[PDB]
Amino acid sequence: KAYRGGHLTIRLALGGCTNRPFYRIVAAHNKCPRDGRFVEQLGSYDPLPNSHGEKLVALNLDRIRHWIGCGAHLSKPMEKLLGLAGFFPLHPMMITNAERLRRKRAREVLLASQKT
Amino acid sequence: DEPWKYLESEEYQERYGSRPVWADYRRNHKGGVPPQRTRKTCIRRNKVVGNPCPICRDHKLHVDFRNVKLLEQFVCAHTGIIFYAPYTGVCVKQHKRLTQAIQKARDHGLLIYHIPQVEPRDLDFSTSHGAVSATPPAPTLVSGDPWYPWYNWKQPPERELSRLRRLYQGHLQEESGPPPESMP
Amino acid sequence: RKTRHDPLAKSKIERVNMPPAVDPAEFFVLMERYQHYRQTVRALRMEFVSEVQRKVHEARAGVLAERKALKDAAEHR
Amino acid sequence: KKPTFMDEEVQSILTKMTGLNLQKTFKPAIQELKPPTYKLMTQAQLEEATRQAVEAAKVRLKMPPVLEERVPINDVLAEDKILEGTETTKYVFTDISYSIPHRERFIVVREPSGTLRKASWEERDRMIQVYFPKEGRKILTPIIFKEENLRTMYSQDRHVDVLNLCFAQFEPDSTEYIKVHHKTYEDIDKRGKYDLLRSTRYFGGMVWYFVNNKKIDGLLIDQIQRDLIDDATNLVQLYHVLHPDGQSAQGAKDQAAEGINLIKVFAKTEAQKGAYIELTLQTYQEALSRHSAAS
Amino acid sequence: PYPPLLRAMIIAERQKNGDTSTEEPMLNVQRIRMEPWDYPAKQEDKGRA
Amino acid sequence: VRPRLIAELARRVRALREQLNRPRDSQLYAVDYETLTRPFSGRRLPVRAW
Amino acid sequence: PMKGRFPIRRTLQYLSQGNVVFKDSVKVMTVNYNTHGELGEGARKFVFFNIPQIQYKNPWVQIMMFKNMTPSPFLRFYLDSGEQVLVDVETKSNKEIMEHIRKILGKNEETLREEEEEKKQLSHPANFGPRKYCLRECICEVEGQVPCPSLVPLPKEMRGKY
Amino acid sequence: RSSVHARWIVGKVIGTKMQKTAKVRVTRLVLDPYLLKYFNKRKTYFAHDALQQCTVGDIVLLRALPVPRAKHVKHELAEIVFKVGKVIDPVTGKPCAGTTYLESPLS
Amino acid sequence: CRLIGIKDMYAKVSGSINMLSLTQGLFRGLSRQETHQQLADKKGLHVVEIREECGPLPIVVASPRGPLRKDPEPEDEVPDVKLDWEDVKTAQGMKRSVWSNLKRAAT
RNA sequence: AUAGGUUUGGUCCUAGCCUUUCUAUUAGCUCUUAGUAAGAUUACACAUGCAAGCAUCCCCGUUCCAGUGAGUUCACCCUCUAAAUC
Ligand SMILES: [Zn+2]
Ligand SMILES: [Zn+2]
């Protein structure tokens, strides 16, 4: 349509079934539906482990670079995955959640030590 | 129980011959064009439909990946295509089982099928590339400093920490604490 | 979702928006980490912007484009 | 410098060794059939059609490159100890792109140890086949590439198809490709159906492996049994070129051996079944006497 | 420093383009300014309701 | 295309009424200081400013 | 049986069997041909046989045919720079005219296969969308991943029966 | 450049009853897709002509204008390709009536 | 055709499906076939087959039993043959029918 | 369509209607489990509950999503160019 005000957004689009997510990295407007008109699809993300177990990610890196140069506003799971790749720096929030995990594991270790 | 006996036994050329198994079955239907799907099963509960399919009408004809003669009868000879269920006369269940029988014999080796001579995947076959050879290691990696040193926790001075208490007192939480290093 | 002309329900006529209570140093290092991350992704973003502008400019007028244009004109003549 | 598989003299020689049987190269295969077309032409246009068929046979019989095995890559790009312990199962990342070559694409793996390791060869091939699929290749390894399956396949004498499936599944530098090809070559050196592998593109690769790892006695035996005598002399020439420090080469250039005498020199120097190869050469010379008297 | 994937890409493309140039691939940061969470905007870019 | 004269007229008079009878800051940003509820808005203030 | 003297002129393979693709500079093609005379025979055959192929492979080029206005058959090409290309076609044949126009102002196999390669650049294999545009709709199909819940039931790690 | 879709079009003059304007019939080949056969489809264009040099029946080329002048006039005359009757053969650039040289090319 | 021995033919009948005329016309055509050897003897040329299953290999099926004609067959560009609109419709894919390629029993 | 039935005392030709095939909705009769897709007939009237907040006040958003098929050639391409993101 027209979508008065807004910008492109490299985001994840759900495309699976019930109890089976699957995400497609697409370049969509911010004001459009989640599964809707995307200007280009830039990759895929399988969160489910395989038979071997690999949680697959595929990125069209040059087109990602092109759409960032054109002005795409990436979303928070997208910076999470691009940092996990190493294309972007690692995200302060995911390392902070990691840190909160370190401290709660320290709490349960000390509590289990007092229990035993 | 073990196949590859009946088809070179005597009763096979007694009842059948050099003709295929399915060369006698005529399915009954409203006339003209047959329905474009056979029955789902001849054996319902443990009872048989009055016009059994060529597989279901003889319980001796077992189907698996080692009944090579039966599987070649049910596959086409001049084309590498499996005969469809209206063409032959077998059930939906029997046609399904025959399809996995063909595939299992094909990938176990006990069946002839055509394989095309394929082209190489790439043009240049070198192995001197950064993704496929060694890379010059990072200074942090030849040392042991964490990459992007703002990842590491560094304790702020108590002065601006007290400034943060002044900003967010009343509803303040508990204190700080350094990261642990090694997990259990 | 709702529009500008939908009346509000009573449970949001009164409902306190209580704040999440605050830690000192996780917060300060969170500010530092956020500002560093924003600075370096700004650097990467301007790098990609300059790259896209360079590709557009060299596609419109580089050296091979002028070479192909003059070869086409000479062939036509 | 030692000439490799990609040189003009050895390539022309292996081409002459393979030979062009049109009825075997362009063979009726069991695929989906269309009604054939017919043409009416003279003898000259018939010769033109046969020459074009010969050229197409050369195009189909262009040789697969024999390559060395690949080093198993183990290169850690980065290690994030802060990331270690956060997630459970690995994360594989692939630069799919469209124009960069497949062996230049970047594929990495993030592990629960925080290690950003560049992907291994097998994971590399599996990801390339997932995201850029090629006809015939399946990411799960086929069960036909096992001991009993390959033995049944060899017993049914479809070694050309063994090599075709191996070419479709594994890259030519892969250890699995190398192992399967040499196992098939060992089986055919044991039994021996070189005619079954003639007029196929894997014939000269078979020759290259045997002359490199010397078991060419059966090749000479079948050559002089099937009267491929120029092929036999040329194969002894390849032996002498690939092993110039051999006493066969010393005696050959000492005695100025050219042909059948070169075969005799190889037989008396390093043939493991020298008595039998010389005996078959004598029977071939008796045949030469017979049809020379007939001539 | 450039993020490790980007570092690998740009070094690999430069050894493919020729010269080794084993210098650490640095990019400029001092161009980017440092406005914190107290800087005020403009009312005309804003607007009264 | 049949013109939307009455829609354009409504747009013009709405813009005019907004320009003339705009609310002022005195009745806009007043505060009932015991309940923190502004008049003409009906929305109270965030918890960081009580 | 199809009507007409030569029914093969209307079979959508003859039309996409013509070989000349005009460059982007040309806009108008004008064919002045003579219906009688032994010398305009090649022009008559070119009008009869090849104008459908030209118009099919160049759908936006305005092609106009003129009958007995001039004593000599000729082709004129009006090009967007303002050029007026003249090709007389007396003492010729239709295939000669074909070759002449593809040499003068037809595109090259160079540009044609480059344009087809750009179309192939548009088409991408790794994309996961509906079968109208892409090749796979999901990774429910590729073996090794988790199958679709419709085809294969998922184990009891699914929520609800948590 | 110009916002007019039809850049260069060759057509035939129909009426000169509008002053400084010519009404031109431009006919293209459009494929009927069932019969797979090309038929002439005709469109009327209005061309601006300053000199009143084109009469009816002339074959004229029309070039586009950067902006339309009137509601329908989106083109201007560039050359009169074929004046009625007085047809100068361009191959041998000499006057002719049709299929016959009025004056001989052996001049 | 089972009584004759033929196994692989397509046959569409149209007009009046009269049984007695069907059999008689079928026998007229099948007895007025022209074979490969007769074609080779009539034209004086080699008869060759090119299958898509084998590839570019030419397979000589019928050779003339007498002299070989030396001037080549005249390549008539854009041949004048009478095509069938049903065949052209099927080749181009506008034959939309729910009856044509239905899954039937053996032969 | 691989076609079939039907005009007549009978044959041939033309012809219509119908059958055989597949899908969708509803009705009858009758129905075990598991998973997954899809799910008002009505642009007729709606009780009730919820669906737009966030946020150091300003702003921003509520002009988006979600829904419907009333109307209907405002959807596609080119030129020009205003919001908007860099
Ligand atoms: Zn059955
Ligand atoms: Zn699925």
# chains A, B, ... in the order shown; residues from 1 in each chain; ligands from 1
$ residues_around --residues "residue 27 (chain E)" --least-positions-apart "6" --cutoff "10 Å" --atoms "only C-alpha atoms (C1' of nucleotides)" --output "mmCIF file with C-alpha atoms, in the first residue's frame"
data_model
loop_
_atom_site.group_PDB
_atom_site.id
_atom_site.type_symbol
_atom_site.label_atom_id
_atom_site.label_comp_id
_atom_site.auth_asym_id
_atom_site.auth_seq_id
_atom_site.Cartn_x
_atom_site.Cartn_y
_atom_site.Cartn_z
ATOM 1 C CA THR C 40 30.129 -0.022 16.339
ATOM 2 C CA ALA C 43 30.235 2.331 12.000
ATOM 3 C CA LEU C 44 29.222 -0.887 10.223
ATOM 4 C CA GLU C 47 30.377 1.360 5.957
ATOM 5 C CA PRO E 1 38.120 -4.139 15.108
ATOM 6 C CA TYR E 2 35.802 -5.502 12.456
#
$ interface_residues --of "chain G" --to "chain I" --cutoff "7 Å" --atoms "only C-alpha atoms" --output "list in words"
residues 1, 2, 6, 7 and 11 of chain G
$ write_last_selection --atoms "N, CA, C and O atoms" --output "PDB file, in the first residue's frame"
ATOM      1  N   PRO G   1      -7.998 -29.825 -39.358  1.00  0.00           N
ATOM      2  CA  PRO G   1      -6.780 -29.146 -39.803  1.00  0.00           C
ATOM      3  C   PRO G   1      -6.836 -27.627 -39.719  1.00  0.00           C
ATOM      4  O   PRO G   1      -7.872 -27.020 -39.970  1.00  0.00           O
ATOM      5  N   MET G   2      -5.705 -27.022 -39.373  1.00  0.00           N
ATOM      6  CA  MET G   2      -5.658 -25.581 -39.197  1.00  0.00           C
ATOM      7  C   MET G   2      -5.827 -24.879 -40.534  1.00  0.00           C
ATOM      8  O   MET G   2      -5.379 -25.369 -41.573  1.00  0.00           O
ATOM      9  N   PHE G   6       0.004 -21.689 -44.989  1.00  0.00           N
ATOM     10  CA  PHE G   6       1.079 -22.203 -44.146  1.00  0.00           C
ATOM     11  C   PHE G   6       0.607 -22.142 -42.703  1.00  0.00           C
ATOM     12  O   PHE G   6       0.662 -21.081 -42.069  1.00  0.00           O
ATOM     13  N   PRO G   7       0.124 -23.250 -42.138  1.00  0.00           N
ATOM     14  CA  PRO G   7      -0.324 -23.227 -40.741  1.00  0.00           C
ATOM     15  C   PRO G   7       0.812 -23.167 -39.744  1.00  0.00           C
ATOM     16  O   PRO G   7       0.562 -22.886 -38.566  1.00  0.00           O
ATOM     17  N   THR G  11       2.209 -21.268 -34.690  1.00  0.00           N
ATOM     18  CA  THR G  11       2.383 -22.446 -33.843  1.00  0.00           C
ATOM     19  C   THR G  11       3.183 -22.125 -32.569  1.00  0.00           C
ATOM     20  O   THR G  11       3.473 -23.031 -31.781  1.00  0.00           O
TER      21      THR G  11
END
$ interface_residues --of "chain D" --to "chain I" --cutoff "8 Å" --atoms "only C-alpha atoms" --output "NGL selection string"
:D and (22-23 or 26-43 or 49-50 or 52-53 or 56)
$ atom_distance --atom1 "CA of residue 177 (chain D)" --atom2 "CA of residue 162 (chain D)"
10.7 Å
$ interface_residues --of "chain A" --to "chain G" --cutoff "12 Å" --atoms "only C-alpha atoms" --output "ChimeraX atom specification"
/A:13-26,35-36,38,40-60
$ interface_residues --of "chain I" --to "chain B" --cutoff "10 Å" --atoms "only C-alpha atoms" --output "JSON, numbers by chain"
{"I": [99, 102, 103, 104, 105, 106, 107]}
$ write_last_selection --atoms "N, CA, C and O atoms" --output "short mmCIF file (atom, residue, chain, number, x, y, z; two decimals), in the first residue's frame"
data_model
loop_
_atom_site.label_atom_id
_atom_site.label_comp_id
_atom_site.auth_asym_id
_atom_site.auth_seq_id
_atom_site.Cartn_x
_atom_site.Cartn_y
_atom_site.Cartn_z
N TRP I 99 -10.33 -35.28 -19.02
CA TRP I 99 -10.56 -36.63 -19.49
C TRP I 99 -9.37 -37.24 -20.20
O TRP I 99 -9.37 -38.45 -20.43
N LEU I 102 -6.13 -39.72 -18.17
CA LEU I 102 -6.69 -40.38 -17.00
C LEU I 102 -6.03 -41.73 -16.78
O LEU I 102 -5.61 -42.41 -17.72
N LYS I 103 -5.95 -42.11 -15.51
CA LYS I 103 -5.28 -43.34 -15.10
C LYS I 103 -6.21 -44.52 -15.32
O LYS I 103 -7.14 -44.76 -14.54
N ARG I 104 -5.96 -45.28 -16.38
CA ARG I 104 -6.76 -46.44 -16.75
C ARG I 104 -5.97 -47.73 -16.52
O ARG I 104 -4.80 -47.71 -16.14
N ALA I 105 -6.63 -48.85 -16.79
CA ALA I 105 -6.04 -50.16 -16.58
C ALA I 105 -5.07 -50.51 -17.71
O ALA I 105 -4.73 -49.67 -18.55
N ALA I 106 -4.63 -51.76 -17.74
CA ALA I 106 -3.59 -52.17 -18.67
C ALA I 106 -4.14 -52.27 -20.09
O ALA I 106 -5.12 -52.97 -20.34
N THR I 107 -3.47 -51.59 -21.02
CA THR I 107 -3.81 -51.50 -22.44
C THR I 107 -5.27 -51.14 -22.70
O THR I 107 -5.62 -49.97 -22.85
#
$ residues_around --residues "region 76-88 of chain H" --least-positions-apart "5" --cutoff "6 Å" --atoms "only C-alpha atoms (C1' of nucleotides)" --output "VMD selection string"
chain H and resid 47 to 49 58 to 63 94 to 97
$ write_last_selection --atoms "N, CA and C atoms" --output "PDB file, in the first residue's frame"
ATOM      1  N   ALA H  47      -1.340  15.408 -32.904  1.00  0.00           N
ATOM      2  CA  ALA H  47       0.004  15.933 -33.074  1.00  0.00           C
ATOM      3  C   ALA H  47      -0.025  17.433 -33.318  1.00  0.00           C
ATOM      4  N   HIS H  48       0.931  18.136 -32.726  1.00  0.00           N
ATOM      5  CA  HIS H  48       1.037  19.578 -32.888  1.00  0.00           C
ATOM      6  C   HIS H  48       1.906  19.896 -34.096  1.00  0.00           C
ATOM      7  N   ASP H  49       1.366  20.678 -35.030  1.00  0.00           N
ATOM      8  CA  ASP H  49       2.078  21.044 -36.248  1.00  0.00           C
ATOM      9  C   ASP H  49       1.957  22.542 -36.468  1.00  0.00           C
ATOM     10  N   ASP H  58      -1.323  11.822 -45.652  1.00  0.00           N
ATOM     11  CA  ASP H  58       0.125  11.798 -45.536  1.00  0.00           C
ATOM     12  C   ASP H  58       0.562  10.773 -44.497  1.00  0.00           C
ATOM     13  N   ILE H  59       1.761  10.238 -44.689  1.00  0.00           N
ATOM     14  CA  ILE H  59       2.399   9.368 -43.709  1.00  0.00           C
ATOM     15  C   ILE H  59       3.401  10.202 -42.930  1.00  0.00           C
ATOM     16  N   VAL H  60       3.185  10.329 -41.626  1.00  0.00           N
ATOM     17  CA  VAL H  60       3.959  11.248 -40.804  1.00  0.00           C
ATOM     18  C   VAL H  60       4.519  10.508 -39.603  1.00  0.00           C
ATOM     19  N   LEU H  61       5.730  10.878 -39.209  1.00  0.00           N
ATOM     20  CA  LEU H  61       6.306  10.410 -37.958  1.00  0.00           C
ATOM     21  C   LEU H  61       6.039  11.451 -36.881  1.00  0.00           C
ATOM     22  N   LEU H  62       5.627  10.987 -35.710  1.00  0.00           N
ATOM     23  CA  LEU H  62       5.337  11.829 -34.567  1.00  0.00           C
ATOM     24  C   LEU H  62       6.339  11.510 -33.472  1.00  0.00           C
ATOM     25  N   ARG H  63       7.014  12.539 -32.986  1.00  0.00           N
ATOM     26  CA  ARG H  63       7.886  12.441 -31.830  1.00  0.00           C
ATOM     27  C   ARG H  63       7.137  12.913 -30.592  1.00  0.00           C
ATOM     28  N   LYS H  94      14.613  10.134 -55.558  1.00  0.00           N
ATOM     29  CA  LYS H  94      14.041  10.750 -56.747  1.00  0.00           C
ATOM     30  C   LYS H  94      12.522  10.690 -56.743  1.00  0.00           C
ATOM     31  N   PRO H  95      11.821  11.682 -57.335  1.00  0.00           N
ATOM     32  CA  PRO H  95      10.350  11.672 -57.298  1.00  0.00           C
ATOM     33  C   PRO H  95       9.739  10.496 -58.037  1.00  0.00           C
ATOM     34  N   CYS H  96       8.631   9.976 -57.516  1.00  0.00           N
ATOM     35  CA  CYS H  96       7.904   8.901 -58.167  1.00  0.00           C
ATOM     36  C   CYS H  96       6.448   8.973 -57.738  1.00  0.00           C
ATOM     37  N   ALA H  97       5.588   8.423 -58.592  1.00  0.00           N
ATOM     38  CA  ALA H  97       4.172   8.307 -58.299  1.00  0.00           C
ATOM     39  C   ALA H  97       3.904   7.061 -57.470  1.00  0.00           C
TER      40      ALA H  97
END
$ residues_near_ligand --ligand "ligand 1" --cutoff "12 Å" --atoms "only C-alpha atoms (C1' of nucleotides) and all ligand atoms" --output "PDB file with C-alpha atoms, in the first residue's frame"
ATOM      1  CA  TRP B  22      -1.515 -58.638 -12.657  1.00  0.00           C
ATOM      2  CA  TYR B  25      -7.207 -58.927 -12.655  1.00  0.00           C
ATOM      3  CA  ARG B  27     -11.422 -54.448 -11.332  1.00  0.00           C
ATOM      4  CA  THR B  38      -8.086 -48.362  -6.225  1.00  0.00           C
ATOM      5  CA  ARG B  39      -9.253 -49.717  -2.886  1.00  0.00           C
ATOM      6  CA  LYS B  40      -7.339 -48.711   0.205  1.00  0.00           C
ATOM      7  CA  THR B  41      -7.097 -52.309   1.462  1.00  0.00           C
ATOM      8  CA  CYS B  42      -8.307 -55.738   0.398  1.00  0.00           C
ATOM      9  CA  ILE B  43      -7.728 -57.100   3.909  1.00  0.00           C
ATOM     10  CA  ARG B  44     -10.149 -55.301   6.217  1.00  0.00           C
ATOM     11  CA  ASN B  46      -8.744 -60.136   8.728  1.00  0.00           C
ATOM     12  CA  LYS B  47     -11.409 -60.478   6.009  1.00  0.00           C
ATOM     13  CA  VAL B  48     -10.851 -60.241   2.260  1.00  0.00           C
ATOM     14  CA  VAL B  49     -12.922 -58.292  -0.283  1.00  0.00           C
ATOM     15  CA  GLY B  50     -14.631 -60.548  -2.827  1.00  0.00           C
ATOM     16  CA  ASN B  51     -12.399 -59.384  -5.696  1.00  0.00           C
ATOM     17  CA  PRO B  52      -8.888 -59.369  -4.194  1.00  0.00           C
ATOM     18  CA  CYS B  53      -6.009 -57.496  -5.806  1.00  0.00           C
ATOM     19  CA  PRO B  54      -3.178 -59.521  -7.417  1.00  0.00           C
ATOM     20  CA  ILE B  55      -1.022 -59.145  -4.299  1.00  0.00           C
ATOM     21  CA  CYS B  56      -3.771 -59.796  -1.733  1.00  0.00           C
ATOM     22  CA  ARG B  57      -5.302 -62.771  -3.579  1.00  0.00           C
ATOM     23  CA  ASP B  58      -2.226 -64.938  -2.930  1.00  0.00           C
ATOM     24  CA  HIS B  59      -0.808 -64.800   0.595  1.00  0.00           C
ATOM     25  CA  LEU B  61       3.440 -63.558  -2.588  1.00  0.00           C
ATOM     26  CA  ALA B  85      -2.287 -48.560  -8.975  1.00  0.00           C
ATOM     27  CA  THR B  88      -1.876 -52.686 -12.194  1.00  0.00           C
ATOM     28  CA  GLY B  89      -4.877 -53.363  -9.939  1.00  0.00           C
ATOM     29  CA  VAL B  90      -3.265 -53.401  -6.491  1.00  0.00           C
ATOM     30  CA  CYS B  91      -4.591 -51.568  -3.439  1.00  0.00           C
ATOM     31  CA  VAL B  92      -3.490 -48.180  -2.189  1.00  0.00           C
ATOM     32  CA  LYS B  93      -1.781 -49.961   0.726  1.00  0.00           C
ATOM     33  CA  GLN B  94      -0.193 -52.544  -1.560  1.00  0.00           C
ATOM     34  CA  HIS B  95       0.934 -49.886  -4.042  1.00  0.00           C
ATOM     35  CA  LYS B  96       2.497 -47.897  -1.199  1.00  0.00           C
ATOM     36  CA  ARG B  97       4.320 -50.970   0.136  1.00  0.00           C
ATOM     37  CA  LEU B  98       5.470 -51.857  -3.379  1.00  0.00           C
TER      38      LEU B  98
END
$ closest_atom_pairs --of "chain H" --to "chain I" --cutoff "12 Å" --atoms "only C-alpha atoms" --output "JSON lines"
{"residue": "H:33", "atom": "CA", "partner": "I:94", "partner_atom": "CA", "distance": 10.8}
{"residue": "H:34", "atom": "CA", "partner": "I:94", "partner_atom": "CA", "distance": 9.1}
{"residue": "H:35", "atom": "CA", "partner": "I:85", "partner_atom": "CA", "distance": 10.1}
{"residue": "H:36", "atom": "CA", "partner": "I:88", "partner_atom": "CA", "distance": 11.1}
$ interface_residues --of "chain A" --to "chain E" --cutoff "8 Å" --atoms "only C-alpha atoms" --output "PyMOL selection string"
chain A and resi 85-89
$ select_by_dssp --residues "region 63-209 of chain D" --states "alpha helix (DSSP H)" --output "short mmCIF file (atom, residue, chain, number, x, y, z; two decimals) with C-alpha atoms, in the first residue's frame"
data_model
loop_
_atom_site.label_atom_id
_atom_site.label_comp_id
_atom_site.auth_asym_id
_atom_site.auth_seq_id
_atom_site.Cartn_x
_atom_site.Cartn_y
_atom_site.Cartn_z
CA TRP D 121 34.31 -30.66 5.07
CA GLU D 122 31.28 -32.90 5.59
CA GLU D 123 29.19 -30.17 7.22
CA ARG D 124 30.32 -27.86 4.40
CA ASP D 125 29.10 -30.28 1.73
CA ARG D 126 25.84 -30.96 3.57
CA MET D 127 25.05 -27.25 3.91
CA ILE D 128 25.92 -26.60 0.26
CA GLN D 129 23.63 -29.45 -0.81
CA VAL D 130 20.83 -28.19 1.47
CA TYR D 131 20.87 -24.59 0.31
CA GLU D 147 30.51 -52.89 2.32
CA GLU D 148 27.79 -55.46 1.58
CA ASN D 149 25.92 -53.16 -0.79
CA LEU D 150 29.08 -52.31 -2.74
CA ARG D 151 30.00 -56.02 -2.82
CA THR D 152 26.57 -56.95 -4.22
CA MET D 153 26.95 -54.10 -6.75
CA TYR D 154 30.39 -55.40 -7.77
CA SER D 155 28.98 -58.92 -8.09
CA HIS D 159 31.20 -50.60 -11.51
CA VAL D 160 30.67 -47.72 -13.95
CA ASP D 161 27.46 -47.00 -12.08
CA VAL D 162 29.36 -47.27 -8.78
CA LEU D 163 31.64 -44.50 -10.03
CA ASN D 164 28.64 -42.50 -11.29
CA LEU D 165 26.87 -42.62 -7.90
CA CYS D 166 30.13 -41.74 -6.15
CA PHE D 167 30.66 -38.78 -8.50
CA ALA D 168 27.10 -37.60 -7.85
CA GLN D 169 27.32 -37.92 -4.07
CA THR D 175 38.11 -39.00 1.35
CA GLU D 176 34.91 -40.97 0.74
CA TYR D 177 35.18 -40.39 -3.02
CA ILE D 178 38.84 -41.45 -2.95
CA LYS D 179 38.14 -44.55 -0.84
CA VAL D 180 35.16 -45.70 -2.92
CA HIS D 181 37.00 -45.20 -6.22
CA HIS D 182 40.08 -47.09 -5.06
CA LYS D 183 37.99 -49.90 -3.55
CA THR D 184 36.21 -50.31 -6.89
CA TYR D 185 39.59 -50.26 -8.64
CA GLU D 186 40.93 -52.92 -6.26
CA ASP D 187 37.88 -55.10 -6.91
CA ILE D 188 38.33 -54.76 -10.66
CA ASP D 189 42.04 -55.54 -10.32
CA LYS D 190 41.01 -58.68 -8.44
CA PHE D 203 39.05 -45.60 -17.32
CA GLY D 204 42.03 -43.25 -17.35
CA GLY D 205 41.58 -42.45 -13.68
CA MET D 206 41.77 -46.19 -13.06
CA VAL D 207 44.94 -46.29 -15.18
CA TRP D 208 46.42 -43.32 -13.29
CA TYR D 209 45.80 -44.95 -9.92
#
$ atom_distance --atom1 "CA of residue 9 (chain A)" --atom2 "CA of residue 106 (chain D)"
24.5 Å
$ interface_residues --of "chain F" --to "chain J" --cutoff "8 Å" --atoms "only C-alpha atoms (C1' of nucleotides)" --output "ChimeraX atom specification"
/F:45-46,48-49
$ select_by_dssp --residues "region 17-113 of chain A" --states "strand (DSSP E or B)" --output "JSON, numbers by chain"
{"A": [17, 20, 23, 24, 25, 26, 27, 28, 29, 38, 39, 40, 41, 42, 43, 44, 45, 57, 58, 59]}
$ residues_around --residues "residue 248 (chain D)" --least-positions-apart "4" --cutoff "10 Å" --atoms "only C-alpha atoms (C1' of nucleotides)" --output "count of residues only"
18
$ interface_residues --of "chain A" --to "chain B" --cutoff "7 Å" --atoms "only C-alpha atoms" --output "list in words"
residues 99, 102 and 103 of chain A
$ write_last_selection --atoms "N, CA, C and O atoms" --output "tab-separated table (two decimals), in the first residue's frame"
chain	number	residue	atom	x	y	z
A	99	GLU	N	24.95	-13.61	31.84
A	99	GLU	CA	25.44	-13.22	33.15
A	99	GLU	C	24.45	-13.49	34.28
A	99	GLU	O	24.85	-13.98	35.34
A	102	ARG	N	24.68	-17.03	34.93
A	102	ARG	CA	25.85	-17.35	35.75
A	102	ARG	C	25.55	-17.13	37.22
A	102	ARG	O	25.85	-17.98	38.07
A	103	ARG	N	24.91	-16.01	37.54
A	103	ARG	CA	24.64	-15.69	38.94
A	103	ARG	C	23.55	-16.58	39.54
A	103	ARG	O	23.69	-16.99	40.70
$ interface_residues --of "chain I" --to "chain J" --cutoff "10 Å" --atoms "only C-alpha atoms (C1' of nucleotides)" --output "PyMOL selection string"
chain I and resi 10-13+15-18+97-104+107
$ atom_distance --atom1 "CA of residue 92 (chain A)" --atom2 "CA of residue 33 (chain C)"
5.7 Å
$ interface_residues --of "chain D" --to "chain G" --cutoff "12 Å" --atoms "only C-alpha atoms" --output "list in words"
residues 94, 95, 96, 97, 98, 99, 126, 127, 128, 129, 130, 131, 132, 133, 134, 137, 138, 139, 140 and 141 of chain D
